[PDB]
Each structure stands twice: as C-alpha cells, then as structure tokens.
Amino acid sequence: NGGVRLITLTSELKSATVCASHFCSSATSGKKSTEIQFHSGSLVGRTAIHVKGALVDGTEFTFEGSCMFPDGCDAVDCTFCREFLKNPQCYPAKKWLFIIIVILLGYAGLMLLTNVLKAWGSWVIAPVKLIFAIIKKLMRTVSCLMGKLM
Amino acid sequence: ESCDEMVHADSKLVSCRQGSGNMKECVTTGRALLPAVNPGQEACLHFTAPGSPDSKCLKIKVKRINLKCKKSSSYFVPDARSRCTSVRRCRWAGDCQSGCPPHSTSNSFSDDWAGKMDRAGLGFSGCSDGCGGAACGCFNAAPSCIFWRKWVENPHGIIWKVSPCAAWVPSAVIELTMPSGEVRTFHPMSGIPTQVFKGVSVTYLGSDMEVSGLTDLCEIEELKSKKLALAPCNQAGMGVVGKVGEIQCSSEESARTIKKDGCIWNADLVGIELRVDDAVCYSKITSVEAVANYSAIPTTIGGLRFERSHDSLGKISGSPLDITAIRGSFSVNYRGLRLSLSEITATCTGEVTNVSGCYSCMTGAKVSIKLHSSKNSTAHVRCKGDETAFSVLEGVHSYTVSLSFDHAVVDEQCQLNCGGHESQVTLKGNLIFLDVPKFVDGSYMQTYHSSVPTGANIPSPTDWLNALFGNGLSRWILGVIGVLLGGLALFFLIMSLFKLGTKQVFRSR
Amino acid sequence: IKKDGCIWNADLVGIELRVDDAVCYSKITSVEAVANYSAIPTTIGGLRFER
Amino acid sequence: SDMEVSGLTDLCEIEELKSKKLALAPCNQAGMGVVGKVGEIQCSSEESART
Ligand SMILES: *[C@@H]1O[C@H](CO)[C@@H](O)[C@H](O)[C@H]1NC(C)=O
Ligand SMILES: *[C@@H]1O[C@H](CO)[C@@H](O)[C@H](O)[C@H]1NC(C)=O
Ligand SMILES: *[C@@H]1O[C@H](CO)[C@@H](O)[C@H](O)[C@H]1NC(C)=O
Ligand SMILES: *[C@@H]1O[C@H](CO)[C@@H](O)[C@H](O)[C@H]1NC(C)=O
C-alpha cells in the first residue's frame with residue numbers, strides 16, 4: 001500500500017536505485033527485505049518498476065516488474081483535491097451536506113443583514129461634524145466682523 | 001512509449017538521386033532544437049521528404065539528471081612506507097679526508113647500494129656523519145664517511161583514483177536510438193561535446209545553479225574495495241605539503257611501483273634521523289582518512305544529498321528536494337547520416353480502443369491505438385491540442401501512446417494518417433485529476449524533478465457539481481427544484497429544533 | 001583559418017582528457033551572446049538608427 | 001595528543017660524558033651558525049673532539 005519492496009536472497013543490499021514512470025527514488029539500509037516508497041499517491045495507474053543497483057562484492061542486478069496500482073483513490077480531507085474532484089467520491093454522503101450547510105450559512109447571513117437593513121448611523125454622525133464646521137465658520141465670521149468694527 | 005515536442009526544422013532539404021535503383025537517400029544536414037522534457041519521456045525527430053509520404057523518427061530518452069562535475073585532471077596516489085639503509089666504513093685512504101662530497105657530488109653510490117632496482121622507488125641520495133674510535137669500528141683519529149639512502153615502498157598495493165573538479169555543472173544521461181536500428185548511450189555535459197557519434201551532436205544545457213558549500217570538493221574513489229569519500233583534494237603537480245597531494249605517479253600501472261620516470265614528488269616527504277651510525281627514517285605521509293572535512297558515501301552537506309549512483313564514467317550524484325528548474329532544452333546538430341525510405345505505403349486504417357489517464361498532469365492521458373498494414377512503420381498522427389508520433393510493426397498489433405488534453409470529458413474527433421492514407425478517429429472516455437504528490441518521511445529524491453502543473457488551482461463549474469444531481473436534457477431543472485425543496489424543508493426543521501432548544505434553555509432554569 | 005593572416009592571442013580553445021581521449025570543448029561565443037546586442041531597428045535614446 | 005608547552009621554545013639536551021653532568025640551556029644549530037652564544041669550534045666524531 002505504501003510502495004514497492006525489494007527482496008534480496010544472495011546477500012545484503014548495499015545500494016540500489018528504483019525508477020518509475022515520472023519519479024525516481026533511492027534508499028538502502030543493509031537488510032534483506034527493504035521497503036522503498038516514492039510519495040503519497042504518486043503511482044496511480046499502470047506503470048513499470050525498473051530497479052537498478054549493485055550488491056556487495058561488486059555484483060550488479062537488474063529487474064523489471066509491473067504492479068497494479070489503484071486509480072480511483074484520492075483520500076483527501078482538507079486539500080485542493082476535495083473541491084475539484086467529484087467523479088469517484090470515495091466518501092459519498094458529503095456533497096449534499098456541504099451544499100446544505102452553505103445554503104444555511106447564506107440564509108443566516110441574509111437574515112442577520114436584514115435586521116440592520118430594515119432598522120446611530122452615518123446619516124446622523126455626519127451632520128454632527130457638518131454643524132461643527134458651520135459653527136467654526138460662524139466664529140471666524142464673528143471674529144472678522146469684530147475686527148472690521150474695530 | 002509516447003512522444004511529443006515535434007520540431008520539423010529542416011523538412012525537404014535533400015539533394016539525392018534515383019537511389020540505388022528504386023528508392024534510397026544520401027545525406028540530410030540541418031539544425032534543430034529540442035525543449036526540456038520530464039525524466040522518462042521521448043522526444044521524436046520526424047523528418048519529411050518531398051518525394052516520400054512519410055519517414056522515420058529519432059527518439060531521445062532521458063532517465064536521470066544528476067549533479068556531477070567535470071574532469072580537470074586524473075592521477076593515482078599510492079600508499080608509501082619508510083624504508084632506508086646505511087653502511088659503516090673507514091677512511092683508510094684519501095677518499096674520506098675531510099668530507100664526503102667535495103663540492104657538488106650527489107652520486108652517493110659506490111656500486112654497492114640497492115638503488116639500482118625496479119622496486120626501489122623514489123629517494124634522495126643524502127649523507128651524514130658518524131662516530132669514530134675503537135668502539136665505532138675505526139683505528140684512526142679521523143671522521144668516517146657514512147652514507148645513507150632512503151626510499152618508499154608499497155607492500156599492500158592499495159590504488160586510489162582522484163579527479164579534482166571545481167565546476168559542478170548539471171548533466172544527464174541520454175539513451176539515443178538511431179533510425180537505422182542501433183541503440184547506444186552516452187553522458188552529455190552542460191556545454192561539453194559528448195563524443196559525437198555518426199554526426200549526432202546532441203548536447204545538454206543547464207541554468208548555472210549556485211552551490212551552498214561546494215568550494216573545494218573532489219571525487220576520490222577507491223578501486224579494490226570500491227569505497228567513495230568526499231574530501232578536498234590537491235591540484236596539479238605544483239602542490240604544497242600538508243594535505244592531500246603526496247607522492248603520485250602517471251598511470252595506474254605506475255601506482256603499484258613507486259619507481260622514477262613517471263612519479264612526481266616535490267620535496268620534504270620523508271625524513272632522516274640518526275644518532276650513532278643508525279640512519280633511521282620516519283614517516284610523515286598522512287592517509288586518506290586524516291585531513292579535515294572527510295565525508296563518506298552518504299553525504300548530506302547542505303540541501304544536497306550526495307548519493308552513489310551506479311553509472312559508468314562517474315559515481316558521484318545527488319538530488320535535493322523539488323527544484324522545478326527553469327529550462328533544460330537540448331541542442332542537436334547533424335553532420336552526416338543515411339536513412340532508407342520505402343515510399344511504397346499502402347492503404348492503412350486504425351481506430352481507438354481505450355482511453356485513460358490523468359488530467360493535464362505529468363504522466364498525461366494514455367490512449368491505446370490499434371493499426372493494421374503491411375508496411376513496417378509508416379505513421380504520423382496529427383491533431384489539435386497535442387501531437388504524438390510513434391512506430392508500429394508489420395501486421396496487426398496493439399500500441400499505447402499518451403497525449404495531452406485540457407478537458408475532463410475528452411469527446412473530440414482527431415485525424416489519423418499512416419503514410420499516405422488518412423482517416424478519422426474519435427475518443428470517448430472519463431478522466432480524473434491528480435495534483436503534485438506530497439513528501440513523505442523515509443523517501444529521498446534520486447535524480448531531480450522537472451515541473452509540476454499548478455496553474456489553474458481553481459474548481460471548474462463544468463466538471464464539479466456533475467454527478468451530484470444527474471445527467472439528461474430536461475431533468476436538471478426537476479433535480480434542482482427537488483434539492484431546493486429538500487433544503488428548505490431541512491432548514492425549517494433545523495430552525496424548529498433551534499427554537500425548541502432555546503425555549504428549553506430559557507425556562508426551567 | 002590557416003596561418004599567415006589569421007591572428008589569435010591565447011586561450012581560445014580548451015583541452016580535456018581522462019583516458020587517452022584528449023577531447024576539446026568549445027568556448028567561442030556567437031555574435032548573439034554579448035550584452036547590449038541590438039537589431040536593425042534601433043531606438044536607443046533620441047536617435048532612431050535605421051538601415 | 002600534541003600537548004603544548006608553556007616556556008619551551010629554545011631548549012636542548014647538552015650532556016657531559018666524563019662527569020655525567022646534565023644542564024638545560026639554549027644551544028646552536030647546524031654548521032651555519034652565529035658567533036656570540038653556544039656553537040663554537042666543533043668537529044664530526046667523538047674521537048675528533050679530543051684533538
Ligand atoms: C572545512 O570546511 C570548513 C567550512 O567550509 C572550512 O572553514 C575549513 O577551512 C575546511 N577545512 C579545510 C582543511 O579545508
Ligand atoms: C482495452 O480495454 C481495457 C480497458 O482498460 C483494458 O484493460 C484492455 O487491456 C484493453 N484491451 C486490450 C486488447 O489490451
Ligand atoms: C521489417 O521488419 C522485419 C522484422 O523486424 C525485417 O525483417 C524487415 O527487413 C523490415 N522491413 C523494412 C522495410 O524495414
Ligand atoms: C551595456 O550598456 C550599459 C549602459 O550603457 C552599460 O552599463 C553596460 O556596461 C553595457 N554592457 C557591456 C557588456 O558593455
């Protein structure tokens with residue numbers, strides 16, 4: 001499920017490199033049954049495994065194999081593969097619930113906004129500073145008139 | 001496998017003749033350019049002749065793109081020991097009156113030393129003084145001439161191969177297949193000729209990637225035990241004592257023996273010490289595991305993970321995390337080659353059988369095409385969106401190729417033509433979408449990563465919300481109405497439940 | 001490119017060898033390789049260099 | 001372990017043969033020497049020291 005596994009019967013594994021369709025990996029530990037993985041969900045479809053390496057005492061080995069990998073398996077929860085994939089739907093009962101929750105949130109937001117739309121506002125706040133500026137101009141004109149009278 | 005990135009740069013550029021009687025060619029010369037491809041792809045080079053309907057192609061296979069360096073020089077550094085001998089004699093004549101060398105005589109060999117051998121090696125004809133008297137071996141109050149000769153040996157015979165380099169330019173492997181049928185491999189460099197074979201001079205180009213801590217590194221390797229290590233090595237013959245760069249020689253056969261005529265040493269590599277007619281020699285040569293910054297086969301200095309890739313002409317590699325380099329295009333030049341053309345193509349017609357793959361992604365979508373004809377390989381598929389060329393065999397067989405599509409529901413009509421005959425094909429199937437894979441612990445990159453498609457990154461309203469309701473031609477409205485009614489019913493139910501909960505919370509406190 | 005008329009100073013072609021190969025690499029750059037390489041239509045500054 | 005020294009810069013191991021007397025004092029170098037300190041008229045062997 002995780003990846004491919006290399007089995008050695010002659011001797012231990014010194015170093016080896018595996019190849020895939022569009023990916024490559026290399027790992028070595030020194031045991032008989034070694035496991036080598038590429039990524040999470042990188043091999044999806046029909047591909048051929050081409051392993052090439054050399055064992056101890058200067059002995060090289062080459063093998064070819066084609067393994068059956070699952071195609072319709074996404075296994076995502078909070079990534080971009082959720083909002084873009086709808087054909088396989090590995091977890092069914094989900095899109096209906098998501099759309100229902102979105103509709104509920106939209107209706108709740110609309111109901112909360114209507115309470116303010118129908119019923120302490122800018123149209124009351126602005127006349128305050130407007131009349132303040134008017135009173136400032138009136139005081140300036142009064143000072144100018146006093147200066148003119150002097 | 002599949003093919004892409006067609007060029008067709010020098011079509012109809014032949015000056016041939018009747019061609020041995022029925023149909024032959026002479027030479028084709030031009031110049032083209034191949035763009036960068038993902039590791040594990042094929043770049044076909046389809047030629048076009050004015051007389052022949054179709055021609056063969058030239059596939060380029062790339063497997064790994066490792067970070068190697070050039071080869072500034074090559075030499076072998078053998079292991080040496082301390083060997084020396086001396087002789088105690090008396091004056092007894094006028095040969096040892098005052099000193100051993102009168103003014104400049106360095107030939108301190110009176111046809112008695114063992115220096116005239118093939119296994120002796122490098123040495124320095126030096127001399128010193130000894131003791132005199134009845135206890136030292138003489139019978140006259142006069143100094144005695146005592147000569148000494150030292151050299152180096154190699155009992156074991158360990159051979160080392162060092163190759164200094166300070167460039168570290170990107171490189172890759174190319175498995176080229178000629179249209180005639182010959183398949184060979186070679187390792188091109190980033191601007192260095194790759195030993196042009198029958199005119200083909202395909203080279204690789206990089207991007208001059210900087211290094212973090214790669215200033216003084218080499219690729220010293222061992223032959224017997226096949227042990228590799230990363231450590232700063234020396235330079236050419238003009239070197240300094242104190243680090244790597246001890247007594248070397250010219251060839252590998254000159255490494256087992258440390259004899260002259262090929263071995264080079266500057267000075268001060270073996271010392272001499274004596275107290276009383278002893279002339280003992282001590283060793284100052286350091287082994288390979290003695291200098292600083294001596295790494296091993298697994299090296300993780302910086303972001304690069306230097307591994308040991310099994311490959312000819314080089315055993316040094318390394319691959320960091322996904323880099324997604326800018327460009328890795330090639331440059332192919334032709335000088336002279338022959339290619340046979342049939343020009344006897346007959347009626348051929350194929351069809352599509354299967355279709356599958358990813359979305360517009362790395363591996364693409366593979367489509368199986370079946371053909372049937374008498375000619376060996378005369379086919380050229382051309383369609384919108386992507387162009388793919390491949391080779392077939394005689395008779396009826398099955399072939400699988402990959403194309404690039406930009407739509408989930410691939411339902412179009414492409415044109416297929418083999419040789420001179422043409423036909424029409426159709427594709428119908430369902431595709432999926434795969435993004436860039438994520439990193440997992442325990443896994444390390446092997447060669448490199450080319451590119452990952454992450455352009456759109458947005459949900460498409462056409463593909464999304466498709467299998468939720470259904471498919472038809474007038475049932476979509478009914479489905480939308482039913483879903484809306486169910487949503488309104490569930491909304492009313494949830495509102496009633498919330499009102500009941502608030503009523504229960506308010507009273508009965 | 002024969003002698004008696006052709007002039008070159010030094011260090012215009014490199015040599016590399018590993019095992020009785022003596023391969024040579026190219027360092028000569030073409031005309032479209034240096035900086036500030038213009039074309040037939042040139043509008044550098046107020047001058048419009050035509051042909 | 002290459003242990004460092006505190007004040008050991010110019011020291012020697014001059015020893016006497018007849019009386020077997022030892023002393024620590026800075027001595028001279030090879031034949032090319034300077035007059036003013038130890039390093040006076042020397043010779044090659046021990047028998048060449050009596051004369
Ligand atoms: C070893 O590497 C370090 C860091 O790059 C450097 O400072 C040091 O000089 C190196 N040592 C030698 C002997 O080159
Ligand atoms: C086409 O049909 C299925 C579809 O995937 C495939 O498994 C099968 O191998 C193909 N047919 C042949 C003859 O290869
Ligand atoms: C076609 O292929 C067969 C078998 O590979 C070979 O014997 C024959 O010569 C080929 N013909 C041409 C024209 O290439
Ligand atoms: C190109 O022109 C600019 C501005 O005139 C100058 O700074 C630069 O040095 C030039 N480049 C070369 C290679 O001469």
# chains A, B, ... in the order shown; residues from 1 in each chain; ligands from 1
call {"tool": "residues_around", "arguments": {"residues": "residue 385 of chain B", "least_positions_apart": "3", "cutoff": "8 Å", "atoms": "only C-alpha atoms", "output": "list in words"}}
result
residues 404, 405 and 406 of chain B
call {"tool": "residues_near_ligand", "arguments": {"ligand": "ligand 4", "cutoff": "7 Å", "atoms": "only C-alpha atoms and all ligand atoms", "output": "list in words"}}
result
residues 34, 35 and 36 of chain C
call {"tool": "residues_near_ligand", "arguments": {"ligand": "ligand 2", "cutoff": "7 Å", "atoms": "only C-alpha atoms and all ligand atoms", "output": "PyMOL selection string"}}
result
chain B and resi 353-354+398
call {"tool": "residues_near_ligand", "arguments": {"ligand": "ligand 3", "cutoff": "9 Å", "atoms": "only C-alpha atoms and all ligand atoms", "output": "PyMOL selection string"}}
result
chain B and resi 180+340-342+375-377+393-394
call {"tool": "residues_near_ligand", "arguments": {"ligand": "ligand 1", "cutoff": "7 Å", "atoms": "only C-alpha atoms and all ligand atoms", "output": "VMD selection string"}}
result
chain B and resid 213 232 291 to 293
call {"tool": "interface_residues", "arguments": {"of": "chain B", "to": "chain C", "cutoff": "10 Å", "atoms": "only C-alpha atoms", "output": "JSON, numbers by chain"}}
result
{"B": [70, 71, 72, 73, 74, 75, 163, 191, 192, 193, 194, 195, 251, 313]}
call {"tool": "closest_residue", "arguments": {"among": "D:41, D:27, D:34, D:3", "to": "residue 15 of chain D", "atoms": "only C-alpha atoms"}}
result
D:27
call {"tool": "interface_residues", "arguments": {"of": "chain B", "to": "chain D", "cutoff": "10 Å", "atoms": "only C-alpha atoms", "output": "PyMOL selection string"}}
result
chain B and resi 98-99+128-134+136+140-144+276
call {"tool": "residues_around", "arguments": {"residues": "residue 12 of chain A", "least_positions_apart": "2", "cutoff": "10 Å", "atoms": "only C-alpha atoms", "output": "short mmCIF file (atom, residue, chain, number, x, y, z; two decimals) with N, CA and C atoms, in the first residue's frame"}}
result
data_model
loop_
_atom_site.label_atom_id
_atom_site.label_comp_id
_atom_site.auth_asym_id
_atom_site.auth_seq_id
_atom_site.Cartn_x
_atom_site.Cartn_y
_atom_site.Cartn_z
N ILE A 7 13.43 -7.45 -2.48
CA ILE A 7 13.80 -8.66 -1.75
C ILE A 7 15.12 -9.16 -2.31
N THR A 8 16.08 -9.42 -1.41
CA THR A 8 17.40 -9.91 -1.78
C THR A 8 17.63 -11.26 -1.11
N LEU A 9 18.10 -12.23 -1.89
CA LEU A 9 18.36 -13.57 -1.39
C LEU A 9 19.83 -13.95 -1.40
N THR A 10 20.63 -13.38 -2.30
CA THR A 10 22.05 -13.73 -2.36
C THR A 10 22.81 -13.16 -1.17
N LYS A 14 23.53 -3.38 -0.66
CA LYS A 14 24.48 -2.29 -0.44
C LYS A 14 23.88 -0.95 -0.87
N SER A 15 23.52 -0.84 -2.14
CA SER A 15 22.93 0.39 -2.67
C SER A 15 22.20 0.06 -3.96
N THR A 28 18.64 2.69 0.94
CA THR A 28 19.39 1.49 1.30
C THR A 28 19.58 1.47 2.81
N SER A 29 19.46 0.28 3.40
CA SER A 29 19.62 0.12 4.84
C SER A 29 20.64 -0.97 5.15
N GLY A 30 20.67 -2.02 4.32
CA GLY A 30 21.58 -3.12 4.51
C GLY A 30 20.94 -4.42 4.95
N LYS A 31 19.61 -4.53 4.91
CA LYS A 31 18.90 -5.73 5.32
C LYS A 31 18.49 -6.52 4.08
N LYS A 32 17.73 -7.60 4.30
CA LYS A 32 17.28 -8.43 3.19
C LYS A 32 16.01 -7.87 2.56
N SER A 33 14.97 -7.66 3.37
CA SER A 33 13.69 -7.14 2.89
C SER A 33 13.64 -5.64 3.18
N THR A 34 13.93 -4.84 2.16
CA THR A 34 13.92 -3.39 2.28
C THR A 34 12.72 -2.81 1.53
N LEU A 55 25.00 -5.02 -5.61
CA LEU A 55 25.10 -5.62 -4.28
C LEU A 55 26.55 -5.58 -3.81
N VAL A 56 26.84 -6.29 -2.72
CA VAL A 56 28.19 -6.34 -2.16
C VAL A 56 29.08 -7.19 -3.06
#
call {"tool": "atom_distance", "arguments": {"atom1": "atom CA of residue 67 of chain B", "atom2": "atom CA of residue 201 of chain B"}}
result
21.2 Å
call {"tool": "residues_around", "arguments": {"residues": "residue 37 of chain D", "least_positions_apart": "2", "cutoff": "9 Å", "atoms": "only C-alpha atoms", "output": "ChimeraX atom specification"}}
result
/D:26-28,34-35,39-40
call {"tool": "closest_residue", "arguments": {"among": "B:478, B:200, B:401, B:304", "to": "residue 352 of chain B", "atoms": "only C-alpha atoms"}}
result
B:401
call {"tool": "interface_residues", "arguments": {"of": "chain B", "to": "chain A", "cutoff": "8 Å", "atoms": "only C-alpha atoms", "output": "PyMOL selection string"}}
result
chain B and resi 38-40+308-310+357+362-363+432-440+442-447+449+457-460+463-468+487+491
call {"tool": "write_last_selection", "arguments": {"atoms": "N, CA and C atoms", "output": "compact mmCIF listing (two decimals), in the first residue's frame"}}
result
# COMPACT_ATOMS: atom_id res chain seq x y z
N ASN B 38 10.19 15.91 -19.19
CA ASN B 38 10.24 15.28 -17.88
C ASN B 38 11.10 14.02 -17.93
N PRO B 39 11.74 13.66 -16.82
CA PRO B 39 12.55 12.43 -16.79
C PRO B 39 11.68 11.20 -17.05
N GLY B 40 11.97 10.52 -18.15
CA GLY B 40 11.20 9.35 -18.54
C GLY B 40 10.26 9.62 -19.69
N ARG B 308 25.38 7.61 -4.14
CA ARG B 308 26.28 6.89 -5.03
C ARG B 308 25.44 6.19 -6.10
N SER B 309 25.33 6.82 -7.27
CA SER B 309 24.55 6.27 -8.37
C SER B 309 25.43 5.36 -9.21
N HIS B 310 24.97 4.12 -9.40
CA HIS B 310 25.70 3.14 -10.20
C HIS B 310 25.62 3.54 -11.67
N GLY B 357 -6.14 7.98 -18.09
CA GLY B 357 -5.02 8.77 -17.64
C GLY B 357 -5.47 9.84 -16.68
N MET B 362 1.46 15.32 -15.13
CA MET B 362 2.79 14.86 -15.53
C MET B 362 2.71 13.67 -16.48
N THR B 363 2.08 12.58 -16.04
CA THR B 363 2.07 11.36 -16.85
C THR B 363 1.14 11.51 -18.06
N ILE B 432 -9.62 11.70 -14.81
CA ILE B 432 -9.57 12.19 -13.43
C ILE B 432 -8.49 13.25 -13.32
N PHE B 433 -8.32 13.80 -12.11
CA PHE B 433 -7.34 14.86 -11.86
C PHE B 433 -6.41 14.43 -10.73
N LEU B 434 -5.11 14.61 -10.96
CA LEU B 434 -4.09 14.32 -9.96
C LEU B 434 -3.18 15.53 -9.82
N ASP B 435 -2.96 15.96 -8.57
CA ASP B 435 -2.11 17.10 -8.29
C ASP B 435 -0.67 16.63 -8.05
N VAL B 436 0.18 17.53 -7.58
CA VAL B 436 1.57 17.17 -7.29
C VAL B 436 1.61 16.32 -6.02
N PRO B 437 2.30 15.18 -6.03
CA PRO B 437 2.37 14.35 -4.82
C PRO B 437 3.10 15.07 -3.70
N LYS B 438 2.78 14.68 -2.47
CA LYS B 438 3.37 15.27 -1.28
C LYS B 438 4.57 14.45 -0.81
N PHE B 439 5.41 15.09 0.00
CA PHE B 439 6.61 14.45 0.53
C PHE B 439 6.26 13.58 1.73
N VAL B 440 6.94 12.44 1.83
CA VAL B 440 6.74 11.50 2.93
C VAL B 440 8.10 11.17 3.53
N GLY B 442 11.25 9.14 5.13
CA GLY B 442 11.95 7.95 4.69
C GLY B 442 12.26 7.89 3.21
N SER B 443 11.70 8.79 2.41
CA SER B 443 11.93 8.81 0.97
C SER B 443 12.82 9.99 0.60
N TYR B 444 13.78 9.71 -0.28
CA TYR B 444 14.72 10.72 -0.75
C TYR B 444 14.68 10.79 -2.26
N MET B 445 14.86 11.99 -2.80
CA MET B 445 14.89 12.17 -4.25
C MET B 445 16.12 11.49 -4.83
N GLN B 446 15.98 10.98 -6.05
CA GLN B 446 17.06 10.22 -6.70
C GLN B 446 17.85 11.08 -7.68
N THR B 447 17.18 11.65 -8.68
CA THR B 447 17.87 12.44 -9.70
C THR B 447 17.46 13.91 -9.68
N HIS B 449 13.58 16.73 -10.21
CA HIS B 449 12.19 16.93 -10.60
C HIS B 449 12.13 18.04 -11.64
N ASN B 457 -5.56 25.65 -10.35
CA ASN B 457 -5.78 25.60 -8.90
C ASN B 457 -7.14 26.15 -8.51
N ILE B 458 -8.13 26.00 -9.39
CA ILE B 458 -9.47 26.52 -9.13
C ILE B 458 -10.50 25.49 -9.55
N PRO B 459 -11.59 25.38 -8.78
CA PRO B 459 -12.66 24.44 -9.14
C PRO B 459 -13.40 24.87 -10.40
N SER B 460 -13.58 23.94 -11.33
CA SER B 460 -14.28 24.25 -12.58
C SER B 460 -15.77 23.95 -12.42
N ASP B 463 -16.94 20.60 -14.58
CA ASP B 463 -16.65 19.27 -14.05
C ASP B 463 -17.26 19.07 -12.67
N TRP B 464 -17.16 20.07 -11.81
CA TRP B 464 -17.75 19.98 -10.48
C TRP B 464 -19.27 20.10 -10.56
N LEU B 465 -19.94 19.55 -9.55
CA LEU B 465 -21.41 19.53 -9.48
C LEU B 465 -22.02 18.86 -10.70
N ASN B 466 -21.43 17.75 -11.14
CA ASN B 466 -21.92 16.99 -12.29
C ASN B 466 -22.62 15.70 -11.91
N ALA B 467 -21.97 14.83 -11.14
CA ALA B 467 -22.57 13.58 -10.71
C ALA B 467 -23.44 13.74 -9.47
N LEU B 468 -23.56 14.96 -8.93
CA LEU B 468 -24.37 15.17 -7.74
C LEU B 468 -25.85 15.05 -8.06
N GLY B 487 -33.78 21.20 0.77
CA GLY B 487 -33.00 22.13 1.56
C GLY B 487 -33.87 23.06 2.39
N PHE B 491 -34.02 23.21 6.38
CA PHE B 491 -33.84 24.50 7.04
C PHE B 491 -34.96 24.76 8.04
call {"tool": "atom_distance", "arguments": {"atom1": "atom CA of residue 23 of chain B", "atom2": "atom CA of residue 48 of chain B"}}
result
15.0 Å
call {"tool": "residues_around", "arguments": {"residues": "residue 51 of chain C", "least_positions_apart": "5", "cutoff": "10 Å", "atoms": "only C-alpha atoms", "output": "number ranges by chain"}}
result
C: 40-42
call {"tool": "atom_distance", "arguments": {"atom1": "atom CA of residue 333 of chain B", "atom2": "atom CA of residue 196 of chain B"}}
result
9.5 Å
call {"tool": "residues_around", "arguments": {"residues": "residue 350 of chain B", "least_positions_apart": "4", "cutoff": "8 Å", "atoms": "only C-alpha atoms", "output": "NGL selection string"}}
result
:B and (369-372 or 416 or 423 or 425)
call {"tool": "write_last_selection", "arguments": {"atoms": "N, CA and C atoms", "output": "mmCIF file, in the first residue's frame"}}
result
data_model
loop_
_atom_site.group_PDB
_atom_site.id
_atom_site.type_symbol
_atom_site.label_atom_id
_atom_site.label_comp_id
_atom_site.auth_asym_id
_atom_site.auth_seq_id
_atom_site.Cartn_x
_atom_site.Cartn_y
_atom_site.Cartn_z
ATOM 1 N N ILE B 369 -4.001 2.688 -29.369
ATOM 2 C CA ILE B 369 -4.350 2.765 -30.781
ATOM 3 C C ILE B 369 -3.936 1.466 -31.459
ATOM 4 N N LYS B 370 -4.846 0.900 -32.245
ATOM 5 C CA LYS B 370 -4.605 -0.335 -32.980
ATOM 6 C C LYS B 370 -4.587 -0.038 -34.472
ATOM 7 N N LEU B 371 -3.568 -0.542 -35.163
ATOM 8 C CA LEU B 371 -3.407 -0.332 -36.594
ATOM 9 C C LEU B 371 -3.263 -1.677 -37.293
ATOM 10 N N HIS B 372 -3.308 -1.637 -38.622
ATOM 11 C CA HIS B 372 -3.168 -2.843 -39.435
ATOM 12 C C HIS B 372 -2.709 -2.435 -40.824
ATOM 13 N N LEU B 416 -6.243 10.765 -38.100
ATOM 14 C CA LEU B 416 -5.148 9.807 -38.063
ATOM 15 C C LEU B 416 -4.775 9.421 -39.487
ATOM 16 N N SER B 423 -7.353 8.907 -42.367
ATOM 17 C CA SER B 423 -8.666 8.512 -41.873
ATOM 18 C C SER B 423 -9.028 9.420 -40.703
ATOM 19 N N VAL B 425 -10.570 9.412 -36.496
ATOM 20 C CA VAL B 425 -10.760 8.653 -35.270
ATOM 21 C C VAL B 425 -11.534 9.513 -34.278
#
call {"tool": "select_by_dssp", "arguments": {"residues": "segment 53-120 of chain A", "states": "alpha helix (DSSP H)", "output": "list in words"}}
result
residues 95, 96, 97, 98, 99, 100, 101, 102, 103, 104, 105, 106, 107, 108, 109, 110, 111, 112, 113, 114, 115, 116, 117 and 118 of chain A
call {"tool": "decode", "arguments": {"residues": "segment 103-134 of chain A", "atoms": "C-alpha atoms", "output": "PDB file, in the first residue's frame"}}
result
ATOM      1  CA  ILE A 103     -27.174  27.370   2.000  1.00  0.00           C
ATOM      2  CA  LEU A 104     -27.897  27.511   5.737  1.00  0.00           C
ATOM      3  CA  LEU A 105     -24.973  29.875   6.338  1.00  0.00           C
ATOM      4  CA  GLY A 106     -26.080  32.081   3.448  1.00  0.00           C
ATOM      5  CA  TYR A 107     -29.658  32.276   4.716  1.00  0.00           C
ATOM      6  CA  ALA A 108     -28.417  33.013   8.243  1.00  0.00           C
ATOM      7  CA  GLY A 109     -26.215  35.820   6.944  1.00  0.00           C
ATOM      8  CA  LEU A 110     -29.106  37.249   4.935  1.00  0.00           C
ATOM      9  CA  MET A 111     -31.411  37.128   7.967  1.00  0.00           C
ATOM     10  CA  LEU A 112     -28.765  38.831  10.112  1.00  0.00           C
ATOM     11  CA  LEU A 113     -28.212  41.547   7.494  1.00  0.00           C
ATOM     12  CA  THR A 114     -31.942  42.205   7.028  1.00  0.00           C
ATOM     13  CA  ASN A 115     -32.261  43.161  10.709  1.00  0.00           C
ATOM     14  CA  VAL A 116     -29.851  46.042  10.081  1.00  0.00           C
ATOM     15  CA  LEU A 117     -31.176  46.873   6.599  1.00  0.00           C
ATOM     16  CA  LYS A 118     -34.744  47.295   7.876  1.00  0.00           C
ATOM     17  CA  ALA A 119     -33.792  49.098  11.098  1.00  0.00           C
ATOM     18  CA  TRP A 120     -26.586  55.509  15.389  1.00  0.00           C
ATOM     19  CA  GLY A 121     -25.636  55.736  11.670  1.00  0.00           C
ATOM     20  CA  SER A 122     -23.546  57.712   9.185  1.00  0.00           C
ATOM     21  CA  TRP A 123     -26.513  59.933   8.257  1.00  0.00           C
ATOM     22  CA  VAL A 124     -26.688  61.044  11.911  1.00  0.00           C
ATOM     23  CA  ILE A 125     -22.931  61.138  12.531  1.00  0.00           C
ATOM     24  CA  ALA A 126     -22.066  63.352   9.551  1.00  0.00           C
ATOM     25  CA  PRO A 127     -24.382  66.291  10.478  1.00  0.00           C
ATOM     26  CA  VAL A 128     -22.510  66.499  13.801  1.00  0.00           C
ATOM     27  CA  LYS A 129     -19.189  67.395  12.173  1.00  0.00           C
ATOM     28  CA  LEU A 130     -21.023  69.390   9.488  1.00  0.00           C
ATOM     29  CA  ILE A 131     -22.629  71.685  12.069  1.00  0.00           C
ATOM     30  CA  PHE A 132     -19.316  71.763  13.953  1.00  0.00           C
ATOM     31  CA  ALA A 133     -17.597  73.137  10.845  1.00  0.00           C
ATOM     32  CA  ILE A 134     -20.515  75.540  10.348  1.00  0.00           C
TER      33      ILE A 134
END
